[PDB]
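A.B. asks: following this: a sequence and the matching experimental structure.
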Amino acid sequence: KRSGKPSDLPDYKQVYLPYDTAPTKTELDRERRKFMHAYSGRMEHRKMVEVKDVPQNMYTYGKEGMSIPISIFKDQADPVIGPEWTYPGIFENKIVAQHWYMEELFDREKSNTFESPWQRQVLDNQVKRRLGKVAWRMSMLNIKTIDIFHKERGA
RNA sequence: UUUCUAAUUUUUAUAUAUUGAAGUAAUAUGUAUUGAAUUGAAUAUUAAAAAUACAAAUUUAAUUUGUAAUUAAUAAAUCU
């Protein structure tokens, strides 16, 4: 949809650097050279793919002291980013937040070997959805008969 | 088929229902993203992201409303 999209896109205004030792040019494109790829899909169906619009320097990118242009209010500029351990659960989310195939999660539960104590919570919220996709799948059939893939598909 | 008689095979065989479950509630990533004149779970394709359960629909040019909310309903017990 067109509405609900930003028209003016402010640019990353670096507030203060996160380091005293300049990351010399030589290594910049030596580590960014590693980021132009990012995995996708988490199982045997692991798919290392490409990322368009790669930023140029990631020592400075987001780790600290850069601004993000979600400028909303009148007196609130592009907020600065505090260091990592200043945000709650970040290196804990790194374990939890990701595309989780249930194939990859139920072997972790039936072996009770969770990398994280919240993957027990990203599991329920994932099954509690798929049950809802059924309790809605059926509270509709109490109206009519809805038949999957019975209408034409494609062009 | 010698004749009188006796006899164990008979134009008599079992057939699918109880229940138009229709009240019980404002919302909140979210009108996701893309493709789209437009699309908000219900154009088209795309489908394993989430969290504080309800994306294979009806509906509308779009939405909101509004229908709907995974349940008691044991023919089996042969009938001779």
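C.D. replies: Good, I have the coordinates. Residues are numbered from 1 along each chain as shown, chains lettered A, B, ... in the order given.
A.B. asks: sec struct for the residue of chain A found nearest RNA strand B, please.
C.D. replies: Proximity of chain A to RNA strand B (Cβ to the nearest atom of the strand) peaks at residue A:132, 2.8 Å away. C-beta: built from backbone N, CA, C; applies to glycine. Each residue gets one of three states, and residue A:132 gets helix by DSSP: H, G, I helix; E, B strand; the rest coil.
A.B. asks: ok, the one 4 residues further on next?
C.D. replies: Assigned by three-state DSSP, the conformation of residue A:136 is helix.
A.B. asks: which residues touch it?
C.D. replies: Applying Cβ atoms under 8 Å, 6 or more residues apart in numbering, we find residue A:136 in contact with no residue.
A.B. asks: just the strands from chain A, written as ranges.
C.D. replies: In chain A, the strands defined using DSSP state E lie at A:37-38, A:49-50.
A.B. asks: hmm, stretch A:76-88 in reach of RNA strand B?
C.D. replies: No. Contact of stretch A:76-88 with RNA strand B is not found when judged by Cβ under 7 Å from any atom of the strand; the minimum separation is 13.7 Å.
A.B. asks: how long is that stretch end to end?
C.D. replies: 22 Å (Cα to Cα, to the nearest Å).
A.B. asks: related to what we said a few turns ago, including distance to residue A:147, could the strands of chain A go into CSV?
C.D. replies: Listed next are the strands of chain A as CSV, based on distance: least, Cβ to Cβ, whole Å:
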stretch, distance to residue A:147
strand A:37-38, 39
strand A:49-50, 35
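A.B. asks: re earlier: burial count for the residue of chain A closest to RNA strand B?
C.D. replies: 10 (other Cβ atoms under 10 Å).
A.B. asks: near RNA strand B, which residues of chain A are found?
C.D. replies: A:1-5, A:96-103, A:121-122, A:125-126, A:128-129, A:131-140, A:142-144, A:146, A:148, A:153-155.
A.B. asks: so which residues of chain A form helices?
C.D. replies: For chain A, applying DSSP state H gives helices covering A:25-35, A:90-96, A:102-109, A:119-141.
A.B. asks: right, I'll call it a day here.
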